[PDB]
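[1] structure for this input, please:
(chains A, B, C, D, E, F and G, ligands or ions: 50)
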Amino acid sequence: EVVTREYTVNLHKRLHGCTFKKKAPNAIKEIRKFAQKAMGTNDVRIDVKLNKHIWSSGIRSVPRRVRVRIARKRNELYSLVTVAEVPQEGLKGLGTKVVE
Amino acid sequence: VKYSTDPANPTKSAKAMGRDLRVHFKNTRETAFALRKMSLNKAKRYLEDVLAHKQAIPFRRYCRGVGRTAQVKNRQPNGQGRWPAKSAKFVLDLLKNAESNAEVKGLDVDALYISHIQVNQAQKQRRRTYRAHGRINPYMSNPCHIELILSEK
Amino acid sequence: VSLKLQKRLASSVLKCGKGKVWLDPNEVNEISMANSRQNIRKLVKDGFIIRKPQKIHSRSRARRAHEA
Amino acid sequence: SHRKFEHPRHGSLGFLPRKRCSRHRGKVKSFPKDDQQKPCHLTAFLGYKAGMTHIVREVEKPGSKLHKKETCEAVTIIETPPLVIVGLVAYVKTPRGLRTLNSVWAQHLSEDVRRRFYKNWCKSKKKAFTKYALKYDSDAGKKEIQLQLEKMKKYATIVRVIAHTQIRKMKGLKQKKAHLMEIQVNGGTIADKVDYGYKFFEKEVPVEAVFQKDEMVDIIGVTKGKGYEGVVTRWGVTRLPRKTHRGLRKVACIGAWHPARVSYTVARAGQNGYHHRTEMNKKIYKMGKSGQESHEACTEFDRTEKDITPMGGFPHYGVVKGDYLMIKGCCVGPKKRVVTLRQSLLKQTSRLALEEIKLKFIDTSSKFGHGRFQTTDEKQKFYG
RNA sequence: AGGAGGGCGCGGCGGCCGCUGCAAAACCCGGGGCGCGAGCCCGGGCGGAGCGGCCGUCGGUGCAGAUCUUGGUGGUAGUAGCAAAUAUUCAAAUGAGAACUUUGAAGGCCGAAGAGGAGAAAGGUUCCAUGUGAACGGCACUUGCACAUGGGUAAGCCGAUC
RNA sequence: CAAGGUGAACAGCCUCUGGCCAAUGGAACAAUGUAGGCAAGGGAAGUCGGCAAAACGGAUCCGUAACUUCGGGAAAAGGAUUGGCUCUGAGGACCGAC
RNA sequence: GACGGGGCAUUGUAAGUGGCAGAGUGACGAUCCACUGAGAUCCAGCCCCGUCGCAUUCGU
Ligand SMILES: [K+]
Ligand SMILES: [K+]
Ligand SMILES: [K+]
Ligand SMILES: [K+]
Ligand SMILES: [K+]
Ligand SMILES: [K+]
Ligand SMILES: [K+]
Ligand SMILES: [K+]
Ligand SMILES: [K+]
Ligand SMILES: [K+]
Ligand SMILES: [Mg+2]
Ligand SMILES: [Mg+2]
Ligand SMILES: [Mg+2]
Ligand SMILES: [Mg+2]
Ligand SMILES: [Mg+2]
Ligand SMILES: [Mg+2]
Ligand SMILES: [Mg+2]
Ligand SMILES: [Mg+2]
Ligand SMILES: [Mg+2]
Ligand SMILES: [Mg+2]
Ligand SMILES: [Mg+2]
Ligand SMILES: [Mg+2]
Ligand SMILES: [Mg+2]
Ligand SMILES: [Mg+2]
Ligand SMILES: [Mg+2]
Ligand SMILES: [Mg+2]
Ligand SMILES: [Mg+2]
Ligand SMILES: [Mg+2]
Ligand SMILES: [Mg+2]
Ligand SMILES: [Mg+2]
Ligand SMILES: [Mg+2]
Ligand SMILES: [Mg+2]
Ligand SMILES: [Mg+2]
Ligand SMILES: [Mg+2]
Ligand SMILES: [Mg+2]
Ligand SMILES: [Mg+2]
Ligand SMILES: [Mg+2]
Ligand SMILES: [Mg+2]
Ligand SMILES: [Mg+2]
Ligand SMILES: [Mg+2]
Ligand SMILES: [Mg+2]
Ligand SMILES: [Mg+2]
Ligand SMILES: [Mg+2]
Ligand SMILES: [Mg+2]
Ligand SMILES: [Mg+2]
Ligand SMILES: [Mg+2]
Ligand SMILES: [Mg+2]
Ligand SMILES: [Mg+2]
Ligand SMILES: [Mg+2]
Ligand SMILES: [Mg+2]
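    Numbers count the residues shown, from 1 in each chain, chains lettered A, B, ... in the order given. Ligands and ions are numbered 1, 2, ... in the order given. And now the structure:
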């Protein structure tokens, strides 16, 4: 089915104890793993702006939490993962949300 | 061409062959042993699973220093198994050749099984490696010949 | 569709480094058919090949520290 | 030639081989000797290691410098909710040793204990004991049950109860599969034992029916695993000099030229930890009974209302809501590990055995940091 | 240790007697025999053109060794190993096939007595374009300092030359 | 040939131009290694031997022994200070820099 | 299960706004004070519970 949701991924606990030269590369892999389990699609496409956001503090300081939007679409389905808009007051009280 | 085994039902059988294939002989011998009397459709799915790391190939001889996995625990209680991708892809190609040879003969793809599979050593190819104190040592590949006969029964 | 010849030619034509040449990612085929310095020039005038600006190295801090 | 200086050997040869235990639940290797004059009673119990804390008490011990003075002592908390009896097993003597005579099971077995008989409970039809339960419905089936019990009374020399824990009471264990063990009855006659164990079918036996306060017990369990380990940590040998080529964390000489073999007595690298251990003479300081004042961590000297659980829960365990034992000192294994508690095999006629413990204070500060409050109420009143 | 006799086998030459495309030599065989033995004779197969036995005589004439010579092949073994020079990621394109090719974006390194830009020795086409069977580029490649086909070095003032 | 900052400085560290991410990749963190750290209390008891490591370190002010070929020894030894900010004074040319 | 909330814990009072606080200088100005035991992080192997998901074999 075609559906779009907004998730908060806790990257801090997924990357705990990771090697410095692999923390940003592993965050990208954890994002792919998250989408495969959340929507069930083996094909996960990471948006370029989401790639920039993960890398915006270098290879070392990945953001602890990232609000992402995952849109599952028909090709055979694939997930498109993009950076979601953060409301004011941060991520406090924010669960998984359905878009449209 | 004469294979090492006659079909014993030549009208109801198809064959495929490959000489001097650049793939390790020891890896391919174990792969060929794992599907000895297998049905053609189960053999294809097994080899795709090996390519996808979902089913291991049991290494019985030529097994010294091979890890243990638990994917091979059935039909090999000690965990000695591996996933030789090149040896699996090369056999898969031969299985597709024999399958199309059977379709030309009109034999049904269903109820087809491997009645004969054989891996023989091809002539080795030479490369070179360099050692300490100005010494040269051989660096050799071990290609193989593969023979394959599918039979209805 | 390798463009390694076009990037080398554009670098020479625009008088910059290869790291300052920008080839339009949406015009990969149009740039590809070019094989002469004259064609590269026509692509520069059209706007498919651009010399990227210098990386910014500001002297603000040195000026501020010198006044201090 | 002889060695230049003497020192005792590193490690004990009495715990060999230092391998992984073949079981997870600790096993009683010897029950206490049966005294047929005493009333029928159980000799063992199963529990789960919650965590450690420290207590303060005033010591009554003449001749000691600690006499009439307070001491601080570390204690382990073992959560021990009641066991359910689900069967009986009889043993007869034989020139080859004891042999199981027969067993009788109860009509109702919970699914927690029935999970113990399956590798994959949710993929199965869950047929275990479904046809055995039909003997309790007909009249020929009930005749067999009574005949088996009468055979127990006539031929058995050892009678043991089959009991399981209520593992779902401890939610933090995250386990639905109960632990099952055989416990010996150590009183009365064989007919007394059979009658006593049969009346307990599908019934809960609390920890107070087995142990009492200020009693020395033995704790059986599997220690914490540590994986492959070198000789320095596994056996406690000394390191070599810093100058040592090819590393310094080895045994230098692993044997003489003759015998031309390595001996079983030389320290080698291998598995460290996860071993079966039987530790004895652990004193019970407290029996916390659910639904009673003894469950709280308040003493006669400290009337503060608090629970046994430290602030923020027992780290890696959770909250203790069932019955528990406070035991002096350390205990085998990590947190959540199932531990077997056994009555002492020897007579405890000693001052430490016969001492009466009176607690003055129980610490309930958080163990997840440098905790400084005893309750959440105190922490909130401090910050406003 | 050593000596001697009588025999078995290999290759020629002089003689004698034969065989073979209705299948010679060589080679293979849980085939059958003879001889104490060295050896010999036959059978079945392969192979496709030469070979044998007896008398005499002659010789580069018989192998298990020589850290023997040359060639081939094992176990070791799918093992030891592929770890210096901070580092990659995303999207797209191409292609049978992309961790490694190309484009864009991002994150990093060399840090100007450089991992930049040019020369003298030395090399000799490695330079550029197009194309790609295999080999090679100690993983891979659609890719190249590989391979194939073409193209390319202009002086009165720069040098040699004096 | 050879830029900006810090700094005495072509030291080390960071950056611009230009050039590069080529050094087989993926999964996991056992023993033993290799390279690099920390460690209470003691302080060479270790060892043939302080091997290795640690401590010292720039600049400013004070102060500096025996011995001496009178040149040195000498940075002997031994002490004190050092950030940021807001100012103040002095030192010039025909408005300026340290 | 994924978030989230609370508990527990570590560090030590966030950004921003305001102040007739502030050596002095001709608006600047280290710093200080209030909101503010604040802010940030907290299982990755911590504790307790409003939003969203969910093929291969074996017969004694
Ligand atoms: K192995
Ligand atoms: K000795
Ligand atoms: K110890
Ligand atoms: K030592
Ligand atoms: K002759
Ligand atoms: K000239
Ligand atoms: K290690
Ligand atoms: K010493
Ligand atoms: K603030
Ligand atoms: K405050
Ligand atoms: Mg190995
Ligand atoms: Mg080498
Ligand atoms: Mg050399
Ligand atoms: Mg002695
Ligand atoms: Mg025993
Ligand atoms: Mg040495
Ligand atoms: Mg703690
Ligand atoms: Mg044979
Ligand atoms: Mg002859
Ligand atoms: Mg001759
Ligand atoms: Mg000779
Ligand atoms: Mg020989
Ligand atoms: Mg010999
Ligand atoms: Mg030899
Ligand atoms: Mg040789
Ligand atoms: Mg060899
Ligand atoms: Mg290896
Ligand atoms: Mg190496
Ligand atoms: Mg690479
Ligand atoms: Mg550097
Ligand atoms: Mg740098
Ligand atoms: Mg050049
Ligand atoms: Mg070239
Ligand atoms: Mg290669
Ligand atoms: Mg060439
Ligand atoms: Mg000239
Ligand atoms: Mg210079
Ligand atoms: Mg300066
Ligand atoms: Mg410098
Ligand atoms: Mg290398
Ligand atoms: Mg690796
Ligand atoms: Mg110390
Ligand atoms: Mg001292
Ligand atoms: Mg000494
Ligand atoms: Mg000594
Ligand atoms: Mg000495
Ligand atoms: Mg030294
Ligand atoms: Mg001196
Ligand atoms: Mg929480
Ligand atoms: Mg967990």
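[2] so what's residue D:67 up against?
    Residues counted as contacts of residue D:67 (Cβ atoms under 8 Å, 6 or more residues apart in numbering or on different chains) are D:59, D:60, D:61. For the C-beta atoms, the positions are set from N, CA and C on the backbone; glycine is no exception.
[3] make a PyMOL selection of the buried ones in those residues.
    A single PyMOL command selects the buried members of these (16 or more other Cβ atoms under 10 Å in any protein chain shown):
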select buried, chain D and resi 59
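[4] identify those among the contacts of residue D:67 that sit within helices.
    When DSSP state H is applied, these are split such that none fall in helices.
[5] which residues does the closest residue to residue D:274 other than its chain neighbours bridge with?
    Nearest residue to residue D:274, sequence neighbours excluded (Cβ to Cβ, 6 or more residues apart in numbering or on different chains): residue D:225, at 3.6 Å. Beta bridges link residue D:225 to residue D:273, judged by DSSP bridges.
[6] neighbours of residue D:225, how many?
    For residue D:225, the neighbour count with other Cβ atoms under 10 Å in any protein chain shown is 14.
[7] on that earlier part again, closest one of the contacts of residue D:67 to RNA strand E?
    residue D:59 (57.3 Å; Cβ to the nearest atom of the strand).
[8] how far away is the residue in chain A positioned nearest to ligand 4 from residue A:23?
    Per Cβ to the ion, residue A:17 is where chain A lies closest to ligand 4, at 31.6 Å. Separation of residue A:17 from residue A:23 (Cβ to Cβ, to the nearest Å): 10 Å.
[9] of these two, give the one with the bigger neighbour count.
    residue A:23 (17 against 4).
[10] and the contacts of the helix or strand that one falls within?
    For residue A:23, the element it lies in under DSSP states H and E is helix A:23-39. Residues from elsewhere that reach helix A:23-39 (Cβ under 8 Å, 6+ apart): A:3, A:5, A:7, A:9, A:11, A:14-15, A:18, A:41-42, A:44, A:46, A:50-51, A:54-55, A:58-60, A:62, A:66, A:68, A:70, A:72, A:77, A:79, A:81.
[11] one more pass at 7 Å, please.
    With contacts defined as Cβ atoms under 7 Å, 6 or more residues apart in numbering or on different chains, helix A:23-39 is touched by A:7, A:9, A:11, A:14-15, A:18, A:42, A:44, A:46, A:54-55, A:59-60, A:62, A:70, A:72, A:79, A:81.
[12] and which of the contacts of residue D:67 is nearest RNA strand G?
    Of the contacts of residue D:67, the one sitting nearest to RNA strand G (Cβ to the nearest atom of the strand) turns out to be residue D:59, at 29.2 Å.
[13] ok, the closest one touching residue D:65?
    No: using Cβ atoms under 7 Å, residue D:59 is not in contact with residue D:65; the gap is 9.6 Å.
[14] separation between the most centrally placed residue in chain C and residue C:11?
    Geometric centre of chain C, nearest residue: residue C:21, 2.2 Å, by Cα atoms, centre = their mean. As defined by Cβ to Cβ, residue C:21 lies at a distance of 5 Å from residue C:11.
[15] go on, residue C:65?
    From residue C:65 to residue C:11 the distance is 37 Å (Cβ to Cβ).
[16] neighbour count: those two, which is higher?
    Of the pair residue C:65 and residue C:11, residue C:11 is the one with more neighbours under other Cβ under 10 Å, namely 18 against 8.
[17] so what sits opposite the closest residue to residue B:105 other than its chain neighbours in the bridge?
    Counting by Cβ to Cβ, 6+ apart, residue B:105 lies nearest to residue B:14, which is 6.2 Å off, once chain neighbours are set aside. Beta bridges link residue B:14 to residue B:150 when assigned by DSSP bridges.
[18] how many residues are close by residue B:14?
    A count of nearby residues for residue B:14, using other Cβ under 10 Å, gives 23.
[19] and the one 4 residues further on, by the same measure?
    Around residue B:18 there are 19 other residues, counting by other Cβ under 10 Å.
[20] now residue B:62: phi and psi?
    Dihedral pair for residue B:62: phi 50, psi 50, per degrees, to the nearest 10.
[21] ok, it touching residue B:25?
    No: using Cβ under 7 Å, residue B:62 is not in contact with residue B:25; the gap is 8.9 Å.
[22] and the strands in chain A?
    Under the criterion DSSP state E, chain A carries strands at the ranges A:3-10, A:43-46, A:65-74, A:77-83, A:97-98.
[23] looking at these, spot the one closest to RNA strand G.
    That would be strand A:3-10 among the strands of chain A, by Cβ to the nearest atom of the strand, at 3.4 Å.
[24] could you give the angle of that closest one to strand A:77-83?
    Orientation check (axes from the mean of the first three to the mean of the last three Cα atoms, to 10 degrees): strand A:3-10 against strand A:77-83 gives 50 degrees.
[25] residues making contact with strand A:3-10?
    Here strand A:3-10 has contacts from A:31, A:34, A:38, A:65-72, A:84, A:91, A:94, A:96-100, using Cβ under 7 Å, 6+ apart.
[26] quick one: it to strand A:65-74, angle?
    Using the same axes, to 10 degrees: strand A:3-10 against strand A:65-74 is 150 degrees.
[27] grab the CA positions of strand A:3-10 and hand them over as CSV.
    Taking Å, rounded to 0.1, in the frame of the first residue of the first chain, the C-alpha atoms of strand A:3-10 are listed here in CSV:
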residue,chain,number,x,y,z
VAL,A,3,1.4,5.3,3.0
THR,A,4,3.5,8.1,4.5
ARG,A,5,4.5,8.3,8.1
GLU,A,6,6.8,10.4,10.3
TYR,A,7,9.1,8.6,12.8
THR,A,8,11.7,9.7,15.3
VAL,A,9,14.8,7.5,15.1
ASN,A,10,16.9,7.3,18.2
